[PDB]
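**Student:** Structure below; questions to follow.
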Amino acid sequence: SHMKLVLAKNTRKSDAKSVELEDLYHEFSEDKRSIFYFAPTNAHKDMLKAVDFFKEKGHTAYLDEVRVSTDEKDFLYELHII
C-alpha cells in the first residue's frame, strides 16, 4: 500500500470506495500495521461512516482521530492488530 491510507469516495470518487473493508481483512492477515483514513473535510459523511464500519467488523485493533482534526477534520488514525 501507498502509505497505508484509505481515501473517501465523496470528494474524489476515482475508485476509493469500500477499500477499508478489504484493507482490513487483508492488511491484518498479511501484516501488523495501521492506517490513516482520509474522509472528507467537506461533508464529514464518509468519515462518520468509517467509525460505523470499523465497529461492524472485528479486523481492527482500534480507531481514534488525528488531532489535526481541529485544523482539517479529514483524518482518522486506525490501527489493525496493534
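All Cβ positions, even for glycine, are placed from backbone atoms using ideal geometry, and neighbour counts span all protein chains on display. Values in this text are rule-based calculations from the coordinates and carry no lab data.
**Student:** Condition first: within 19 Å of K13 (Cα to Cα) and aromatic (F, W, Y). Now tell me which residues in the range 24-76 satisfy that. Break it down into steps so the answer makes sense when it comes.
**Tutor:** Filtering the range 24-76 down to residues within 19 Å of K13 (Cα to Cα) leaves 36-50, 53, 73-76.
If the condition is that a residue be within 19 Å of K13 (Cα to Cα) and aromatic (F, W, Y), then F36, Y37, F38, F53, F75 are the ones that fit.
**Student:** Additional query: Considering each of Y62, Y77 in turn, give the residue that is among the aromatic types (F, W, Y) and farther than 15 Å from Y25 by Cα. Talk me through it step by step, then tell me what you get.
**Tutor:** Values: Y62 fails: farther than 15 Å from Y25 by Cα.
From the options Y62, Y77, the qualifying one is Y77.
**Student:** Does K17 satisfy being surrounded by 13 or more Cβ atoms within 10 Å (Cβ to Cβ) and in contact with a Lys or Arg (Cβ under 7 Å, 6 or more places away or on another chain)? Before the answer, list the steps.
**Tutor:** Working: surrounded by 13 or more Cβ atoms within 10 Å (Cβ to Cβ): yes; in contact with a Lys or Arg (Cβ under 7 Å, 6 or more places away or on another chain): yes.
It is true that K17 is surrounded by 13 or more Cβ atoms within 10 Å (Cβ to Cβ) and in contact with a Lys or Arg (Cβ under 7 Å, 6 or more places away or on another chain).
**Student:** If I ask for residues that are aromatic (F, W, Y) and in a helix (DSSP H, G or I), which ones from the range 19-58 would you list? Even if it seems obvious, please write down each step before you answer.
**Tutor:** Applying the first criterion (aromatic (F, W, Y)) to the range 19-58 yields 25, 28, 36-38, 53-54.
Listed by number, the residues that qualify are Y25, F28, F53, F54.
**Student:** May I ask you to list pairs of residues, at least six apart or on different chains, whose Cβ atoms are under 7 Å apart, with the first in the range 60-82 being more than 20 Å from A43 (Cβ to Cβ) and the second being of a type in the set (G, A, S) and buried (at least 17 other Cβ atoms within 10 Å of the Cβ)?
**Tutor:** No pair meets every condition.
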